[PDB]
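Enquirer: sharing an experimental structure here, sequence included.
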There are 2 protein chains.
Amino acid sequence: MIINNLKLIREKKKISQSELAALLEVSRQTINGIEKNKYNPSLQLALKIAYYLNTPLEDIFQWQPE
Amino acid sequence: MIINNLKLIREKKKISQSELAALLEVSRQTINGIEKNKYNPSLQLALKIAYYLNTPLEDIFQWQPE
């Protein structure tokens, strides 16, 4: 129900997963997993990603009507 | 690490907990817990709350470093 535009956005600024991971101060695998519908980032983590992206979270992560 | 402005924002726009709950089609407690000290909103729910509020998620739920 959540769309992850992190990769879509991340590629726009060409930020490395490791960079994003470093920005989140978390393991890359977290980013590697997050870009994928494996699981969604925590609200705090997601906000950090949005902060790092300097883009609103909603643009990066969006909820989908069911 | 998350500061919840839902309680503050929701009241600013005079949306009732029930109103938001009704908009999200959820029990009031779900909203109430979120705007309380209980628990943070689900990412999908948080997005819905922001969306229904027509307020960005970050404004409502913002991340803070530990």
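Expert: Everything's here; your move. Residues are numbered from 1 along each chain as shown, chains lettered A, B, ... in the order given.

Enquirer: tell me if stretch A:47-64 is near chain B.
Expert: Yes: Stretch A:47-64 is in contact with chain B by Cβ under 8 Å from any Cβ of the partner chain, via A:47-48, A:50-51, A:56-58, A:61-64. For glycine as for every other residue, the C-beta is placed from the backbone atoms N, C-alpha and C.

Enquirer: for chain B, see how far away residue A:28 is.
Expert: In this view, residue A:28 and chain B are 20 Å apart by Cβ to the nearest Cβ, to the nearest Å.

Enquirer: likewise residue A:40?
Expert: Applying Cβ to the nearest Cβ to residue A:40 and chain B gives a distance of 5 Å.

Enquirer: picking up where we left off before, buried subset of the residues of stretch A:47-64 next to chain B?
Expert: A:47-48, A:50-51, A:56-58, A:61-63 (16 or more other Cβ atoms under 10 Å in any protein chain shown).

Enquirer: now, which of the residues you listed lie within helices?
Expert: Residues of these located in helices (DSSP state H): A:47-48, A:50-51, A:57-58.

Enquirer: kindly reformat those as TSV containing distance to residue A:14.
Expert: Supplementary listing: those in TSV, determined by distance: Cβ to Cβ, whole Å:
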residue	distance to residue A:14
A:47	22
A:48	19
A:50	17
A:51	18
A:57	20
A:58	22
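
Enquirer: from those, which two are the most distant?
Expert: A:48 and A:58 (14.9 Å; Cβ to Cβ).

Enquirer: is chain B within reach of the strand or helix carrying residue A:21?
Expert: Residue A:21 is located in helix A:17-23, with elements delineated by DSSP states H and E. No: for helix A:17-23, no contact with chain B is found by Cβ under 8 Å from any Cβ; the gap never falls below 12.0 Å.

Enquirer: next, the distance between the ends of stretch A:22-36.
Expert: 18 Å (Cα to Cα, to the nearest Å).
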